[PDB]
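Protein chains in written order, with the authors' numbering: chain A, 687 to 784; chain B, 1422 to 1470; chain C, 1422 to 1470; chain D, 50 to 98; chain E, 1 to 150; chain F, 148 to 196.
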Ligand SMILES: Nc1ncnc2c1ncn2[C@@H]1O[C@H](COP(=O)(O)OP(=O)(O)O)[C@@H](O)[C@H]1O
Ligand SMILES: [Mg+2]
């Protein structure tokens, strides 16, 4: 009965699209504002295209090229990548926030 | 094959993180040495006080 | 799939060959931090006195 | 034998003939009771169940 | 002492204004709050450090004399981890997702309650209270400058 | 994992994104939809009052 519910509910297909896909996706400017604190020297402090700024940030973060894809208006990430970036961001700010 | 690809991608991610931390090791030791030297100075100062 | 299994058995050993180093590095850091903590404790006791 | 395999059942020792596409891979005990099933290495009905 | 007695005379009174033993003594839990009342900004880590890392129950029971409180204040006055306004505004901007000089009050509450040395929700609501706008946004530059100059 | 974690994740997503959220309990009759709905309401009533 549990197997039949997992089958009709599409539970395994749902897990697979989370693992095989990119369920985390952030607009270039939001990615900058959230995570530029992780890599503050990575962008020359003048104006820059948000997409190119995100490319520079992701290179300075040295993320594996399979963990992300870059779109027309968003960066896409594998599951759990943004969780790690959030943990690292929280660590940097915890000194100032204390 | 899809499961093997996801697994191998995670192993690749873990090895990349280990390599990055292995590179980070040098400056971590330099920092630990400088901060321990500062603590040695501070203990000398506090004993002198 | 056979090629992926070969790549996986290669990658796991290649990662273990870094973890063997990380064991040593973690032990070194643990000792260096024990020394720095002892200096910080001596500093704190001297400041309290 | 191509289409079929023989297995011994852990609860019985009984030897049985099973079709190679009805066998499902098993996760290491490392993944016992994982909180998030996306983390399973082998993702199939038997592992989720 | 290496401290100006003219303000030591004020600190004697300001300490005594915390009176609840019935005499010239006050309990470890109060020590941080009297130091914060006299004008310093000790972290709770610093408060525990100068108190010699007391236990969480001992904090309720053990007590300072003013003669012991004065050097505590002196230690916190002379050496500090305190940052500055120009640093804190750069910290708050991490939450400024849009660049207008404003941040969401619910975000600042969540941050202060969850990160670092966690504040109570009652404290944090008193902090954000009065910085409302029609969007629920706080202007972090002025919030930081007001809290710091307060 | 808990219904409180799902509810808090939705509440934080609504405050962060400013996008409205849904909690959608989907099952057979007897599956627990109404009980979990009560727990979602209990959590929001406590945390967001
Ligand atoms: N989370 C739970 N904890 C304890 N008991 C539960 C829980 N979920 C369901 N039950 C039991 O199962 C019964 C049916 O669940 P209910 O949520 O009412 O079903 P439905 O989803 O069809 O409305 C409940 O009356 C209760 O006795
Ligand atoms: Mg119901």
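Every residue gets a Cβ at the ideal spot worked out from N, C-alpha and C, and that includes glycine.
Distance between residue j and residue i (C-alpha atoms, nearest Å)
i                      : j                      : result
residue 136 (chain E)  : residue 104 (chain E)  : 6 Å
residue 808 (chain A)  : residue 704 (chain A)  : Residue 808 (chain A) cannot be examined here, being either before or after the span of chain A that is shown, 687 to 784.
residue 1443 (chain B) : residue 1443 (chain C) : 7 Å
residue 82 (chain D)   : residue 1440 (chain B) : 30 Å
residue 67 (chain D)   : residue 1430 (chain C) : 27 Å
residue 1423 (chain C) : residue 1457 (chain C) : 50 Å
residue 779 (chain A)  : residue 88 (chain E)   : 10 Å
residue 112 (chain F)  : residue 189 (chain F)  : Missing from the structure shown is residue 112 (chain F); chain F here goes from 148 to 196 and no further.
residue 180 (chain F)  : residue 688 (chain A)  : 16 Å
residue 708 (chain A)  : residue 756 (chain A)  : 11 Å
residue 92 (chain E)   : residue 743 (chain A)  : 20 Å
residue 1445 (chain C) : residue 1453 (chain B) : 16 Å
residue 100 (chain E)  : residue 149 (chain F)  : 37 Å
residue 737 (chain A)  : residue 44 (chain E)   : 42 Å
residue 1436 (chain C) : residue 1432 (chain B) : 8 Å
residue 51 (chain D)   : residue 64 (chain D)   : 18 Å
residue 12 (chain E)   : residue 60 (chain E)   : 22 Å
residue 1468 (chain C) : residue 1469 (chain B) : 10 Å
residue 95 (chain E)   : residue 69 (chain D)   : 54 Å
residue 17 (chain E)   : residue 51 (chain E)   : 21 Å
residue 49 (chain E)   : residue 14 (chain E)   : 22 Å
residue 746 (chain A)  : residue 141 (chain E)  : 29 Å
residue 1459 (chain C) : residue 2 (chain E)    : 29 Å
residue 748 (chain A)  : residue 74 (chain E)   : 46 Å
residue 53 (chain E)   : residue 1461 (chain C) : 14 Å
residue 727 (chain A)  : residue 733 (chain A)  : 14 Å
residue 710 (chain A)  : residue 768 (chain A)  : 7 Å
residue 165 (chain F)  : residue 712 (chain A)  : 15 Å
residue 1447 (chain C) : residue 753 (chain A)  : 27 Å
residue 1428 (chain B) : residue 118 (chain E)  : 38 Å
residue 147 (chain E)  : residue 771 (chain A)  : 30 Å
residue 750 (chain A)  : residue 58 (chain E)   : 50 Å
residue 1451 (chain C) : residue 774 (chain A)  : 22 Å
residue 54 (chain D)   : residue 71 (chain D)   : 10 Å
residue 84 (chain D)   : residue 161 (chain F)  : 24 Å
residue 735 (chain A)  : residue 97 (chain D)   : 44 Å
residue 1449 (chain B) : residue 184 (chain F)  : 50 Å
residue 1426 (chain C) : residue 699 (chain A)  : 24 Å
residue 191 (chain F)  : residue 168 (chain F)  : 13 Å
Selected residue, minimal CA-CA separation from residue i, among the options
i                     : options                       : result
residue 170 (chain F) : F:179, F:181, F:176 and F:154 : F:154
residue 740 (chain A) : A:780, A:760 and A:731        : A:760
residue 77 (chain E)  : E:108, E:60 and E:41          : E:41
residue 106 (chain E) : E:86, E:127, E:39 and E:144   : E:127
residue 776 (chain A) : E:53, E:116 and E:33          : E:116
residue 21 (chain E)  : E:53, E:62 and E:3            : E:62
residue 690 (chain A) : F:174, F:183 and F:164        : F:174
residue 120 (chain E) : E:129, E:130 and E:109        : E:109
residue 71 (chain E)  : E:143, E:8 and E:147          : E:8
residue 134 (chain E) : E:102, E:19, E:148 and E:150  : E:102
residue 46 (chain E)  : E:39, E:38 and E:32           : E:32
residue 35 (chain E)  : E:114, E:10 and E:97          : E:10
residue 84 (chain E)  : E:6, E:145 and E:19           : E:145
residue 90 (chain E)  : E:6, E:5 and E:143            : E:143
residue 98 (chain E)  : E:114, E:5, E:138 and E:124   : E:138
residue 81 (chain E)  : A:782, A:697, A:696 and A:717 : A:782
Contact test: residue i Cβ vs ligand 3 heavy atom, cutoff 7 Å
i                     : result
residue 183 (chain F) : Among the ligands modelled here, namely ligand 1 and ligand 2, ligand 3 does not occur.
Environment of ligand 2 in chain order, Cβ to heavy atom below 7 Å: F:180 and F:181
Can you list, in chain order, the residues of the segment 104-121 of chain E whose Cβ is nearer than 8 Å to any Cβ on chain F? 104, 106, 107 and 110
With 7 Å as the limit, tell me which residues of the segment 1433-1458 of chain B have their beta carbon closer than that to any beta carbon of chain A; keep them in chain order. 1433, 1434, 1437 and 1441
Would you list, in chain order, the members of the segment 745-763 of chain A that have their beta-carbon closer than 8 Å to a beta-carbon of chain B? 748, 750, 752 and 753
So does the segment 58-73 of chain E actually touch the segment 17-27 of chain E, counting three or more Cβ pairs closer than 8 Å? yes
Contact between the segment 28-38 of chain E and the segment 715-725 of chain A: three or more CB pairs below 8 Å? no
So does the segment 70-77 of chain D actually touch the segment 88-95 of chain D, counting three or more Cβ pairs closer than 8 Å? yes
When Cβ atoms are compared, which residues of the segment 83-95 of chain D fall closer than 7 Å to chain B? 90, 91 and 92
Looking at chain C, which residues of the segment 51-70 of chain E have a Cβ within less than 7 Å of any of its Cβ atoms? 52
If the cut-off is 8 Å on Cβ atoms, which residues from the segment 86-98 of chain E count as contacting chain A, listed in chain order? 87, 88, 90, 91, 94, 96, 97 and 98
Chain-ordered residues of the segment 710-735 of chain A with a beta carbon less than 9 Å from chain E: 715, 716, 719, 720, 722 and 723
Select from the segment 17-48 of chain E all residues with a C-beta closer than 7 Å to any C-beta belonging to chain A, and list them in chain order. 43
Taking a Cβ distance cut-off of 9 Å, strictly less, list which residues of the segment 131-142 of chain E are near chain A, in chain order. none
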